[PDB]
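# Breakdown of the fold
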Amino acid sequence: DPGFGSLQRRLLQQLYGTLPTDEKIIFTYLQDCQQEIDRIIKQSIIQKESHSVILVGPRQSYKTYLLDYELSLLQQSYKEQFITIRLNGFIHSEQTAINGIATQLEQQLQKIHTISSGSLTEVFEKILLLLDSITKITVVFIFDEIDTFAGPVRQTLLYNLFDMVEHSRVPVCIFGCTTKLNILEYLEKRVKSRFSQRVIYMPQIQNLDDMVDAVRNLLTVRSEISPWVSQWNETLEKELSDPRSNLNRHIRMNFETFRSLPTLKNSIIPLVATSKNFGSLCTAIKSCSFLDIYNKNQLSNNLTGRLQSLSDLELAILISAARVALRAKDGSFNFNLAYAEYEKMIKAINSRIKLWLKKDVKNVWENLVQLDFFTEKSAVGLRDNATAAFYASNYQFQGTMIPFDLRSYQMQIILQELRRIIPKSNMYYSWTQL
Amino acid sequence: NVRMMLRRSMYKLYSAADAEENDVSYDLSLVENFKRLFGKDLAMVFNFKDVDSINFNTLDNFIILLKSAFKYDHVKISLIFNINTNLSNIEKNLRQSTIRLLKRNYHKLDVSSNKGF
Amino acid sequence: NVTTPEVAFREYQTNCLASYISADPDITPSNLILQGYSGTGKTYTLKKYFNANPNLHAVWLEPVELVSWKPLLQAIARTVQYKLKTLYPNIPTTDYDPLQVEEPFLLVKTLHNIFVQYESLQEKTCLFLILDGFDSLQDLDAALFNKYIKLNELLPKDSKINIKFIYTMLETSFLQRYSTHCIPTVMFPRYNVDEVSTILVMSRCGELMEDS
Amino acid sequence: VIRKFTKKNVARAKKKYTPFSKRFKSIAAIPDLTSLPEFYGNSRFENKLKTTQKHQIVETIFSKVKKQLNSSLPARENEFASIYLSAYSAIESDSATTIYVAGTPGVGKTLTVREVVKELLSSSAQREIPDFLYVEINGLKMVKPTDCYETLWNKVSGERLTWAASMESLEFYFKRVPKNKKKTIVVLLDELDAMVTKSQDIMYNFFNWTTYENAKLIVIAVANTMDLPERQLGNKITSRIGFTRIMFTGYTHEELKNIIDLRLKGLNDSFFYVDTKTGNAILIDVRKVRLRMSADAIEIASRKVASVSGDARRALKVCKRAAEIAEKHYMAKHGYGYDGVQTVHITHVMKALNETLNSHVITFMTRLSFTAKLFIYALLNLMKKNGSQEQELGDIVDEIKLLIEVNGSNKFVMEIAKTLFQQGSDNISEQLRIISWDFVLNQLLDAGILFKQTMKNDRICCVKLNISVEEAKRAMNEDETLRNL
Amino acid sequence: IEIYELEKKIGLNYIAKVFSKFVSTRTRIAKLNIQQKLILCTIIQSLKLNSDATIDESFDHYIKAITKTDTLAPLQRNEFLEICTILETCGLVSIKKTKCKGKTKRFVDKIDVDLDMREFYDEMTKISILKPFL
Ligand SMILES: Nc1ncnc2c1ncn2[C@@H]1O[C@H](COP(=O)(O)OP(=O)(O)OP(=O)(O)O)[C@@H](O)[C@H]1O
Ligand SMILES: Nc1ncnc2c1ncn2[C@@H]1O[C@H](COP(=O)(O)OP(=O)(O)OP(=O)(O)O)[C@@H](O)[C@H]1O
Ligand SMILES: Nc1ncnc2c1ncn2[C@@H]1O[C@H](COP(=O)(O)OP(=O)(O)OP(=O)(O)O)[C@@H](O)[C@H]1O
Ligand SMILES: [Mg+2]
Ligand SMILES: [Mg+2]
Ligand SMILES: [Mg+2]
């Protein structure tokens, strides 16, 4: 069935958004923001007016998608009118962004028709000579994660960028993107004064009909590139119009928990791709049993699923450690006290099962630390940045120089949570109460 | 830490191999691409001095890091542990998986100054 | 147009790998995460999947052997252009030094310079960069994975070579740090005792055959 | 040889290391530097960014208004007179001096200093004063703070030296060179707080050269703050800067009106040929259209800006935003594209002023999912229960579990409990965290609503509200379900 | 000499005008709107209990004072910040940014106030509706 292959491929690239530009899908709740971004970028590229605007919205809220759609829209009709410089706040640092701007400037100006050669002082003053200072070429700056350059110490790059926006003869468009709602408070006073205070907040999903209409936009094939298109559109419209269908129930569950269309797309894609024929795809979209299987797999390495993989000695040691941590006031325990509780519990069970020695319980203890059931007391864990991690790697911690049986640990799961989802018919269930 | 241990080991390996026979990165891919540069296989003998004074977490992580080099056909690794007190004091300080790793091919040798007079 | 292998207790994971990994760059995600603890068959299933599909171009890296972020960047820049040399031997290239990469933006620049000389190819292709054990870097912080998430956005959009990242992770908490990025993730849960016994028989019986 | 590490990206400028004190055999051997070809200054990239239009673009009636309101002096006359008199007396007496100027952003410091030195250059062009060299050093436009040493010496001699050699050369030039072989130099130090390092050697050197008898140097230091030397500088530098300091106050609303109507002299209350086929307007099928901005609209913009900051940039941007809003409304009703009387009245200015003042925060938490709002509600309940402004995450988990299991008679809770703890499956086991627990936690962390502490124990890790509690409760009261229980 | 030249022997009056030009919280309060005056009263009251408080902690205290008094309409946080920014440019409220002291260490904006407290109580006790807010 090559027609099913064509329909499956079309549905898959609609779900990945990799359509041609004229066929790109804009959701109805995203349309006002898309028009506002289109007006700003058209006033920059067509009409040579300088602009400064920060896009504020959560992750996966189509900030990059709308900007890329607008730039590819103006790419096909005004190609020689503008160049694009892309900076990302994670990849680029305050010194490295100068070199990135210079290298993108030379490779973008060689694409239409050196600036990037020398030390950092020379490169920066050459960029300033080009920008600080027929039609003029617009320079569009796309600044992702712009909050990292609005720091508390100094904001040199944002100062010079907004100075180029407000006081230069080359027209420049600067788009910032961030997740921080209070991005204007991050800005220094002179940087905020040079900024235009134009902040666009990305639209959120307000009602369930927005999610259903977006799913309808994603899964309806609007071109007749397969013979199965009409039946697929009919069955999809039948499932979406029915309020009691399984797909509507999954959309409602997403609206109540995640409220994220990329989250739903990540489940819809293997439902579409794992089907082998047209009727199998129709049964899959009518039942959505694969969505249940996917949801079960997404939770299988959580705290609930990791406990169900434990052995009887592992579960007994974990219960004993949770008992010792509950009785403690700092919630702290070690291997010796947990082994004392374990041997007490085994004696009171066999008085009313093999007792293992401390040498063999050492391995189960190490596995429980490895599976993130226990953690070291007041441990910071993974550091935020490379500098603090580098500082931590050059320090010898006091919990790594004492013997293992005296190291203080704290529970990632408490005894009440242990009682909740260990089954009532289990052997050690009675000792989850204290 | 483990990073400095590996970096000193790979600098020593590269320096000694070029002394006996272009810059590389001092990590375990130099062990991976050893026969592609030098044309012959490799035998590494690690001599850990003053283990009783070493951080056993760092030593354990370095041993587990060296374990990844067993997937290369041209690599042979020997470890020498200079121990001042006894074996049980260091087997209580390593992981049980590390003890199971070291037990596969190991030899104890009691050589002190005051041995048998 | 991909072959699904048969892995004994990883059938869902193998169907997920078939659903996410294809030669077409349009219907392949930029990032893919395989998450599971030790001995859950992540490497085994990924190797079986790439052995069942020889047309897929994969580059394998062990982030544990590289320890730090700078050797990881240099390893990526070395192995990508070595694979591209051995894949299209008639394409004339320039051998950039991987030790020139000292910063992430230098990796972006070097990958751009490598990828602009394979522009005579016919079809868009996928290069799969497999980081087997990303959170096993001794020197790891919370900001390193964000760079690899957003790396594809700095590379050219209409290139013939489109790099795809497959990450392998151990810790659930490390993965849950990045949940708002909505990366497709396949979970490999810990095996049953029955499955452990079956795997042990089917992988160790023939080794117990020819023991002397 | 085998290297321990490599530096393969070193880019080193071609700057010599020998200072000016060794350039000649003696002090008496130094010639007249004014009669030297490379001294005192005696744009290669501007053709790079040009291309052919291949289009005639549409300039509507509001476009000329928006170009006239860009940042690119009716109210600064006393400050101009003071700065001009001090610099004029220092130039024509061969004196060295420091003029300190401070102010809040956008009050016209840089513009007044540049107009002062423009009028001074006009005075020296007609031989009223000796000729001088003008140098601008902006501290925020330097890669390194020592690069100012490299810049000024390159502006004085034409040499390219390294920074310590440059500062030795400047020290020798200001101190030892006689006045009859020299020229006056006026240096504008803009963004002076950026030139402050740990050891204040740059500030000491720049203000100590002005205390040299032979220097013929005038430093105009422009700063954010009146008491920046008293806050961040040593007592020697504060003594050298001086007691006489010039304050640039924020503008009153009459002066902001004067600035805006000076920008709108040639198009406000004027006629245009509009060409309603396309909307492209030409200043004197085609209609004669009067354009006006309301004087009361400028009044309310100037009054709001003058009360808040006095920033001229803010007032010009407010009026430009109002013109943009009016232009968007105008092009909506005709479909003019880009390729009677139209007025920028009060309501456009009010919509421009309020769009910077309305908060999206309460609107943001209004449109969150049920689980994120349940997180916020449980955090507020814990904050009012134990009185702490910092709550453990395990306490929030137990509070969410308690609120679900206590309000088990609510119909919404009945409908949503299976979703929240099983994802509606009856094949997923009951979970210890709710569905999308880590998702909504990370979402509130990216938004900046929450702060979290760096601990790897999830239960004893603490969480704080970064936003106001009153905003959080006002968001939580808008929901129909959470305002009931 | 410069003031003599601009305004035109020297004398004592020009020396005194130098010291008058190149060198006060009663006049700053007297120029404020009763809405602005309430904000300054709440801010100094906010730094009594916490004594290292943010904008959003000062604004939380301000919304508490209103509901027990019902004097003037309660306003929003952003409006609170611009009146606090109005008190920047007349010289009463000062705003900085530093890492907060606590279990979480990230950067917050704070209010500090140094206005003479002797002249603050004199100006506010004349107005009857503001006396609950001291
Ligand atoms: N150029 C693109 N083409 C197609 N789909 C895209 C493109 N860019 C992003 N997407 C898709 O858009 C969805 C999320 O939007 P997007 O990536 O723009 O988020 P964002 O709000 O910019 O994120 P962040 O704050 O993390 O940078 C995802 O499904 C992603 O795959
Ligand atoms: N499903 C399976 N069928 C057969 N053999 C298996 C299976 N899963 C694992 N094995 C065997 O067990 C070994 C361990 O699995 P594998 O190396 O894939 O684990 P992993 O999850 O990648 O571990 P780690 O995180 O330690 O790298 C495999 O090399 C293989 O020999
Ligand atoms: N008196 C004025 N008359 C006309 N326009 C003015 C006046 N003052 C300021 N402006 C406008 O405001 C802009 C900002 O002024 P300027 O660059 O001098 O500010 P500044 O005081 O140096 O501020 P910052 O501390 O932010 O650098 C000027 O470029 C000009 O467009
Ligand atoms: Mg983005
Ligand atoms: Mg593996
Ligand atoms: Mg200025």
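Residues numbered from 1 in each chain as written, not as in the entry; some residues may be left out. Chains lettered and ligands numbered in written order. Part of a larger assembly, values for the part shown. Heavy atoms only, no water.

As annotated in the PDB entry, chain D carries the name Origin recognition complex subunit 1 and is attributed to Saccharomyces cerevisiae. As recorded in the PDB, the entry bears the title "S. cerevisiae ORC bound to 84 bp ARS1 DNA and Cdc6 (state 2) with flexible Orc6 N-terminal domain". Heading Subunit of the UniProt record for chain D holds this comment: "Component of the origin recognition complex (ORC) composed of at least ORC1, ORC2, ORC3, ORC4, ORC5 and ORC6. Interacts with MCM10 and TAH11." Under the heading Subcellular location, UniProt records this for chain D: "Nucleus". (UniProt positions renumbered as here; feature names shortened; annotations may be inferred.)

As recorded in the PDB entry, chain C goes by the name Origin recognition complex subunit 5, listed as coming from Saccharomyces cerevisiae.

To continue, consider the site of ligand 1. Lining the immediate environment of ligand 1, one finds 14 residues, of which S61, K63, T64, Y65 and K265 of chain A sit closest. Mapping the residues near ligand 1 onto chains gives chains A and C. Between ligand 1 and the protein, one listed contact pairs an oxygen atom with a backbone N or O atom of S61 of chain A at 3.0 Å. A distance of 3.3 Å is found between an oxygen atom of ligand 1 and a side-chain nitrogen or oxygen belonging to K150 of chain C. Ranked by the residues each element gives to the shell around ligand 1, the list is headed by helix α3 (residues 63–75) of chain A, at four residues. Residue composition of the shell around ligand 1, by class: four nonpolar, four polar and six charged. (Near = heavy atom within 4 Å. Polar contact = N/O pair within 3.5 Å; in protein donor to acceptor, adjacent residues only side chain to side chain. Helix = DSSP H or I, 4+ residues; strand = E, 2+ residues; numbered from the N terminus. Nonpolar A, V, L, I, M, F, W, Y, C, P; charged D, E, K, R; others polar.)

To describe a pair of aromatic rings, you give the distance between the ring centres and the angle between the ring planes. Applying the stated criterion across every chain yields a total of 67 aromatic pairs over all chains. Their ring planes at 70° and their centres at 4.9 Å tell us that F145 of chain C and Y178 of chain C sit as a pair that is edge-to-face. Here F145 of chain C, found in helix α5 (residues 144–150), pairs with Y178 of chain C, found in the loop between α6 (172–176) and β5 (185–188); they are 33 residues apart in sequence, far enough to count as distant. Each member of the pair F145 of chain C and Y178 of chain C is classed as buried. Between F174 of chain D and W209 of chain D the ring centres are 5.3 Å apart and the planes differ by 40°, which places this aromatic pair in the tilted class. With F174 of chain D in helix α5 (residues 163–175) and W209 of chain D in helix α6 (residues 201–209), the pair connects residues that are 35 residues apart, well separated along the chain. The buried category is assigned to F174 of chain D, whose relative accessible area is 0%. (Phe/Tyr/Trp six-rings, centres within 6.5 Å; stacked < 30°, edge-to-face > 60°. Buried < 20%, exposed > 50% of the residue type's maximum accessible area, 1.4 Å probe, protein only.)

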